[PDB]
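Trainee: The structure's right below; bear with me while I get my questions together.
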Amino acid sequence: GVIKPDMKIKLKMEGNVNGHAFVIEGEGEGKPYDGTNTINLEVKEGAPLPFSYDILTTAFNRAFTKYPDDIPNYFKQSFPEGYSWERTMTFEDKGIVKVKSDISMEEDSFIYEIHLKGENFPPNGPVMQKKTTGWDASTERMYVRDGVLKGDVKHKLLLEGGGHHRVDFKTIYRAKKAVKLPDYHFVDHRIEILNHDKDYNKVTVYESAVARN
Ligand SMILES: [Cl-]
Ligand SMILES: [Zn+2]
Ligand SMILES: [Zn+2]
Ligand SMILES: [Zn+2]
């Protein structure tokens with residue numbers, strides 16, 4: 001099909017967090033049917049970033065999801081035309097991130113164009129003070145509403161010292177053409193920063209995602 005067993009990734013993110021503008025470019029690759037991918041990111045403008053890189057990593061494509069053969073795959077069916085998505089991440093004490101991303105295909109690769117806006121983070125909280133250590137593993141509930149696919153996940157943003165804060169994710173996924181709609185299901189996530197330089201100008205992200213009934 002058009003979605004190959006090995007797909008490359010090219011992306012660019014343009015964003016603003018508490019008024020700090022930045023641009024990040026990425027390249028990577030993954031195995032769409034295994035639900036795995038790796039992306040190598042470089043800050044091109046706005047370095048060094050004055051906030052936690054973890055608020056960006058889940059914005060850096062559900063085509064990289066292992067799906068059982070009996071659950072229609074909203075994401076892979078949308079190609080080559082592709083899909084866009086929009087997400088809000090609501091943090092416990094006023095921070096909010098809104099993301100819009102366009103996922104397209106060019107031959108054996110995906111291109112992402114990502115716009116991200118973070119606002120109202122407490123200046124002395126763990127996001128703006130870079131006191132986070134990653135995300136827990138999560139489960140996203142996927143369900144069709146208004147003819148498009150919605151996903152919600154309740155996440156723990158892990159903190160230095162071993163605590164965490166709650167972050168609620170709500171995403172809307174919109175195929176650019178009609179596809180066969182799945183029934184209610186789940187996607188289990190793991191995302192990790194595998195390596196980074198000291199101020200996260202260079203970062204490698206690894207993600208796994210597996211759907212189940
Ligand atoms: Cl390529
Ligand atoms: Zn099979
Ligand atoms: Zn290629
Ligand atoms: Zn690890």
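Here, A, B, ... name the chains of the structure tokens in the order displayed, residue numbers run from 1 inside each chain, and ligands are numbered from 1 in the same displayed order.
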Please identify all protein, DNA and RNA residues within 9 Å of ligand 3, counting only C-alpha atoms and all ligand atoms, and report them as a ChimeraX atom specification.
Mentor: /A:7-8,106-109
Trainee: May I have the residues within 6 Å of residue A:152 as number ranges by chain, using only C-alpha atoms and disregarding those fewer than 6 positions away in the same chain?
Mentor: A: 140-141, 169-170
Trainee: Residues of the last selection are to be written out with N, CA, C and O atoms, as a JSON list (two decimals), in the first residue's frame.
Mentor:
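Output below, filename out_10.json:
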```
[["chain", "number", "residue", "atom", "x", "y", "z"],
["A", 140, "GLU", "N", -4.54, 6.22, 25.52],
["A", 140, "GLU", "CA", -5.44, 7.14, 24.88],
["A", 140, "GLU", "C", -6.70, 6.43, 24.43],
["A", 140, "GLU", "O", -6.69, 5.40, 23.78],
["A", 141, "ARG", "N", -7.84, 6.99, 24.85],
["A", 141, "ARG", "CA", -9.14, 6.48, 24.42],
["A", 141, "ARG", "C", -9.53, 7.09, 23.10],
["A", 141, "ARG", "O", -9.61, 8.32, 23.04],
["A", 169, "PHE", "N", -4.85, 15.48, 27.93],
["A", 169, "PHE", "CA", -4.75, 15.66, 26.49],
["A", 169, "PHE", "C", -6.11, 15.41, 25.85],
["A", 169, "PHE", "O", -6.75, 14.38, 26.10],
["A", 170, "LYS", "N", -6.53, 16.27, 24.93],
["A", 170, "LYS", "CA", -7.70, 16.03, 24.06],
["A", 170, "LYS", "C", -7.29, 16.35, 22.64],
["A", 170, "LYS", "O", -6.81, 17.46, 22.36]]
```
Trainee: List all protein, DNA and RNA residues that have any atom at most 12 Å from ligand 4, counting only C-alpha atoms and all ligand atoms, and write the list as a PyMOL selection string.
Mentor: chain A and resi 133-137+190-195+204-208
Trainee: Compile the contact shell of residue A:103 as a list in words: residues with an atom at most 9 Å away, counting only C-alpha atoms, same-chain residues fewer than 6 positions apart removed.
Mentor: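 Contacts, in chain order: residues 61, 81, 82, 83, 84, 85, 110, 111, 112, 113 and 114 of chain A.
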Trainee: Would you export the selected residues with N, CA and C atoms as an mmCIF file, in the first residue's frame, please?
Mentor:
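File written: result-v1.cif
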```
data_model
loop_
_atom_site.group_PDB
_atom_site.id
_atom_site.type_symbol
_atom_site.label_atom_id
_atom_site.label_comp_id
_atom_site.auth_asym_id
_atom_site.auth_seq_id
_atom_site.Cartn_x
_atom_site.Cartn_y
_atom_site.Cartn_z
ATOM 1 N N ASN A 61 2.301 11.469 15.107
ATOM 2 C CA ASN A 61 1.717 10.928 13.897
ATOM 3 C C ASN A 61 1.253 9.467 14.178
ATOM 4 N N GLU A 81 -3.513 11.208 0.864
ATOM 5 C CA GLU A 81 -4.001 12.548 1.127
ATOM 6 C C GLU A 81 -3.645 12.978 2.528
ATOM 7 N N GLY A 82 -3.720 12.095 3.522
ATOM 8 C CA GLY A 82 -3.263 12.343 4.879
ATOM 9 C C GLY A 82 -4.301 12.949 5.781
ATOM 10 N N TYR A 83 -3.869 13.576 6.884
ATOM 11 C CA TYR A 83 -4.800 13.998 7.940
ATOM 12 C C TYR A 83 -4.139 15.123 8.693
ATOM 13 N N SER A 84 -4.961 15.868 9.421
ATOM 14 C CA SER A 84 -4.429 16.847 10.341
ATOM 15 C C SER A 84 -4.938 16.548 11.735
ATOM 16 N N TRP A 85 -4.333 17.147 12.741
ATOM 17 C CA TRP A 85 -4.862 16.966 14.078
ATOM 18 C C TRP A 85 -4.665 18.241 14.865
ATOM 19 N N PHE A 110 6.804 10.707 5.461
ATOM 20 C CA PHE A 110 5.820 11.624 5.981
ATOM 21 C C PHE A 110 6.468 12.996 6.238
ATOM 22 N N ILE A 111 5.671 14.036 6.039
ATOM 23 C CA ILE A 111 6.132 15.399 6.389
ATOM 24 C C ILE A 111 5.138 15.912 7.397
ATOM 25 N N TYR A 112 5.646 16.453 8.509
ATOM 26 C CA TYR A 112 4.782 17.098 9.505
ATOM 27 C C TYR A 112 5.074 18.590 9.545
ATOM 28 N N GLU A 113 4.024 19.419 9.552
ATOM 29 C CA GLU A 113 4.193 20.810 9.812
ATOM 30 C C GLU A 113 3.393 21.120 11.097
ATOM 31 N N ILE A 114 4.114 21.549 12.137
ATOM 32 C CA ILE A 114 3.523 21.597 13.490
ATOM 33 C C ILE A 114 3.541 23.031 13.968
#
```
Trainee: Could you please write out, as a ChimeraX atom specification, every residue of stretch 60-174 of chain A that DSSP assigns to strand (DSSP E)?
Mentor: /A:83-91,96-106,109-119,132-135,138-145,148-159,164-174
Trainee: Could you write out the selected residues, including C-alpha atoms, as a PDB file, in the first residue's frame?
Mentor:
```pdb
ATOM      1  CA  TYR A  83      -4.800  13.998   7.940  1.00  0.00           C
ATOM      2  CA  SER A  84      -4.429  16.847  10.341  1.00  0.00           C
ATOM      3  CA  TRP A  85      -4.862  16.966  14.078  1.00  0.00           C
ATOM      4  CA  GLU A  86      -5.415  19.522  16.789  1.00  0.00           C
ATOM      5  CA  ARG A  87      -4.732  19.011  20.469  1.00  0.00           C
ATOM      6  CA  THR A  88      -5.049  20.762  23.757  1.00  0.00           C
ATOM      7  CA  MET A  89      -2.877  19.821  26.718  1.00  0.00           C
ATOM      8  CA  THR A  90      -4.304  21.232  29.987  1.00  0.00           C
ATOM      9  CA  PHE A  91      -1.903  21.345  32.890  1.00  0.00           C
ATOM     10  CA  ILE A  96      -2.059  25.232  28.342  1.00  0.00           C
ATOM     11  CA  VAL A  97      -0.579  24.010  25.075  1.00  0.00           C
ATOM     12  CA  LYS A  98      -2.506  24.071  21.839  1.00  0.00           C
ATOM     13  CA  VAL A  99      -1.074  22.206  18.848  1.00  0.00           C
ATOM     14  CA  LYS A 100      -2.042  21.956  15.197  1.00  0.00           C
ATOM     15  CA  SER A 101      -0.246  19.537  12.919  1.00  0.00           C
ATOM     16  CA  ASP A 102      -0.558  18.646   9.243  1.00  0.00           C
ATOM     17  CA  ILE A 103       0.586  15.127   8.312  1.00  0.00           C
ATOM     18  CA  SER A 104       1.290  14.619   4.591  1.00  0.00           C
ATOM     19  CA  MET A 105       3.115  12.045   2.486  1.00  0.00           C
ATOM     20  CA  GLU A 106       5.840  12.437  -0.097  1.00  0.00           C
ATOM     21  CA  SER A 109       8.082   9.546   3.815  1.00  0.00           C
ATOM     22  CA  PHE A 110       5.820  11.624   5.981  1.00  0.00           C
ATOM     23  CA  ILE A 111       6.132  15.399   6.389  1.00  0.00           C
ATOM     24  CA  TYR A 112       4.782  17.098   9.505  1.00  0.00           C
ATOM     25  CA  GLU A 113       4.193  20.810   9.812  1.00  0.00           C
ATOM     26  CA  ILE A 114       3.523  21.597  13.490  1.00  0.00           C
ATOM     27  CA  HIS A 115       2.307  24.851  15.098  1.00  0.00           C
ATOM     28  CA  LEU A 116       2.497  24.937  18.878  1.00  0.00           C
ATOM     29  CA  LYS A 117       1.426  27.622  21.363  1.00  0.00           C
ATOM     30  CA  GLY A 118       1.996  27.270  25.105  1.00  0.00           C
ATOM     31  CA  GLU A 119       0.564  29.921  27.442  1.00  0.00           C
ATOM     32  CA  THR A 132      10.475  17.596  34.387  1.00  0.00           C
ATOM     33  CA  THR A 133      11.860  14.114  33.614  1.00  0.00           C
ATOM     34  CA  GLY A 134       9.486  12.680  31.010  1.00  0.00           C
ATOM     35  CA  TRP A 135       6.037  11.294  30.565  1.00  0.00           C
ATOM     36  CA  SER A 138      -0.311   6.204  28.877  1.00  0.00           C
ATOM     37  CA  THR A 139      -3.497   4.984  27.312  1.00  0.00           C
ATOM     38  CA  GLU A 140      -5.437   7.141  24.875  1.00  0.00           C
ATOM     39  CA  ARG A 141      -9.140   6.482  24.423  1.00  0.00           C
ATOM     40  CA  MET A 142     -10.076   6.716  20.744  1.00  0.00           C
ATOM     41  CA  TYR A 143     -13.714   7.283  19.786  1.00  0.00           C
ATOM     42  CA  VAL A 144     -15.631   8.713  16.837  1.00  0.00           C
ATOM     43  CA  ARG A 145     -17.607  11.897  17.422  1.00  0.00           C
ATOM     44  CA  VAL A 148     -13.963  12.400  13.080  1.00  0.00           C
ATOM     45  CA  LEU A 149     -11.732  10.516  15.490  1.00  0.00           C
ATOM     46  CA  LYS A 150     -11.159  11.887  19.001  1.00  0.00           C
ATOM     47  CA  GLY A 151      -8.532  10.753  21.487  1.00  0.00           C
ATOM     48  CA  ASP A 152      -8.245  11.603  25.211  1.00  0.00           C
ATOM     49  CA  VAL A 153      -5.374  10.712  27.506  1.00  0.00           C
ATOM     50  CA  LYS A 154      -4.770  11.514  31.148  1.00  0.00           C
ATOM     51  CA  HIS A 155      -0.995  11.866  31.508  1.00  0.00           C
ATOM     52  CA  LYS A 156       1.512  12.189  34.332  1.00  0.00           C
ATOM     53  CA  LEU A 157       4.316  14.666  33.652  1.00  0.00           C
ATOM     54  CA  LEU A 158       7.084  13.275  35.843  1.00  0.00           C
ATOM     55  CA  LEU A 159       9.099  15.685  37.959  1.00  0.00           C
ATOM     56  CA  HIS A 164       4.294  14.240  38.940  1.00  0.00           C
ATOM     57  CA  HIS A 165       1.695  16.671  37.658  1.00  0.00           C
ATOM     58  CA  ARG A 166      -1.479  15.786  35.786  1.00  0.00           C
ATOM     59  CA  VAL A 167      -1.857  16.805  32.135  1.00  0.00           C
ATOM     60  CA  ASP A 168      -5.079  16.139  30.249  1.00  0.00           C
ATOM     61  CA  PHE A 169      -4.751  15.660  26.489  1.00  0.00           C
ATOM     62  CA  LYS A 170      -7.697  16.028  24.061  1.00  0.00           C
ATOM     63  CA  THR A 171      -7.017  15.546  20.369  1.00  0.00           C
ATOM     64  CA  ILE A 172      -9.174  15.672  17.263  1.00  0.00           C
ATOM     65  CA  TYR A 173      -7.868  13.697  14.254  1.00  0.00           C
ATOM     66  CA  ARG A 174      -9.297  14.653  10.837  1.00  0.00           C
TER      67      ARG A 174
END
```
Trainee: Enumerate, in order of chain and increasing residue number, the residues of chain A with an atom no farther than 12 Å from ligand 2, each with its shortest atom pair and distance in Å to one decimal, counting only C-alpha atoms and all ligand atoms, as a tab-separated table.
Mentor:
```
residue	atom	partner	partner_atom_place_in_ligand_line	distance
A:33	CA	ligand 2	1 (Zn)	10.1
A:34	CA	ligand 2	1 (Zn)	11.5
A:66	CA	ligand 2	1 (Zn)	10.6
A:67	CA	ligand 2	1 (Zn)	9.1
A:68	CA	ligand 2	1 (Zn)	7.0
A:69	CA	ligand 2	1 (Zn)	5.4
A:70	CA	ligand 2	1 (Zn)	8.7
A:71	CA	ligand 2	1 (Zn)	11.0
```
Trainee: Store the residues of this selection in a file with N, CA and C atoms, as a CSV table (one decimal), in the first residue's frame.
Mentor:
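What landed in result_4.csv:
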```
chain,number,residue,atom,x,y,z
A,33,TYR,N,3.9,-0.3,10.9
A,33,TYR,CA,3.1,-1.4,11.3
A,33,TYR,C,3.5,-1.9,12.6
A,34,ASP,N,4.7,-1.6,13.0
A,34,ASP,CA,5.2,-2.0,14.3
A,34,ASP,C,4.9,-1.0,15.4
A,66,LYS,N,0.8,0.3,16.0
A,66,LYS,CA,0.5,-1.1,15.6
A,66,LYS,C,-1.0,-1.3,15.9
A,67,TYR,N,-1.7,-1.7,14.9
A,67,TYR,CA,-3.1,-2.0,15.0
A,67,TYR,C,-3.4,-3.5,14.7
A,68,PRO,N,-4.3,-4.1,15.6
A,68,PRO,CA,-4.8,-5.4,15.3
A,68,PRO,C,-5.6,-5.3,13.9
A,69,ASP,N,-5.6,-6.5,13.2
A,69,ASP,CA,-6.1,-6.5,11.9
A,69,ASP,C,-7.6,-6.3,11.9
A,70,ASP,N,-8.3,-6.5,13.1
A,70,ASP,CA,-9.7,-6.3,13.1
A,70,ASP,C,-10.1,-5.0,13.6
A,71,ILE,N,-9.3,-3.9,13.7
A,71,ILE,CA,-9.7,-2.6,14.0
A,71,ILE,C,-9.3,-1.7,12.9
```
Trainee: So, with only C-alpha atoms as the atoms that count, which of A:22, A:74, A:200, A:51 lies closest to residue A:131?
Mentor: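 Using only C-alpha atoms, the shortest distance to residue A:131 belongs to A:51.
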Trainee: So how far away is atom CA of residue A:38 from atom CA of residue A:185, in Å?
Mentor: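 Result for atom CA of residue A:185 versus atom CA of residue A:38: 24.5 Å, one decimal.
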Trainee: Smallest atom-to-atom distance to residue A:120: which of A:20, A:62, A:196, A:44, using only C-alpha atoms?
Mentor: A:20
Trainee: So what do you get for atom CA of residue A:122 versus atom CA of residue A:55, distance-wise?
Mentor: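 One can read the atom CA of residue A:122 to atom CA of residue A:55 distance as 14.0 Å.
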Trainee: Would you please work out which residue, of A:15, A:28, A:5, A:35, is nearest to ligand 1 when using only C-alpha atoms and all ligand atoms?
Mentor: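 Of the candidates, the smallest distance to ligand 1 is held by A:28.
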Trainee: Write out as a ChimeraX atom specification all residues of stretch 31-210 of chain A that backbone DSSP assigns to alpha helix (DSSP H).
Mentor: /A:54-57,74-77
Trainee: Check the smallest atom-to-atom distance from each of A:54, A:188, A:146, A:92 to residue A:121 using only C-alpha atoms, then report the winner.
Mentor: A:92
Trainee: State, in Å with one decimal place, the distance from atom CA of residue A:4 to atom CA of residue A:202.
Mentor: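 Result for atom CA of residue A:4 versus atom CA of residue A:202: 27.7 Å, one decimal.
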Trainee: Would you please work out which residue, of A:42, A:199, A:29, A:14, is nearest to ligand 1 when using only C-alpha atoms and all ligand atoms?
Mentor: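 Of A:42, A:199, A:29, A:14, the one nearest ligand 1, counting only C-alpha atoms and all ligand atoms, is A:29.
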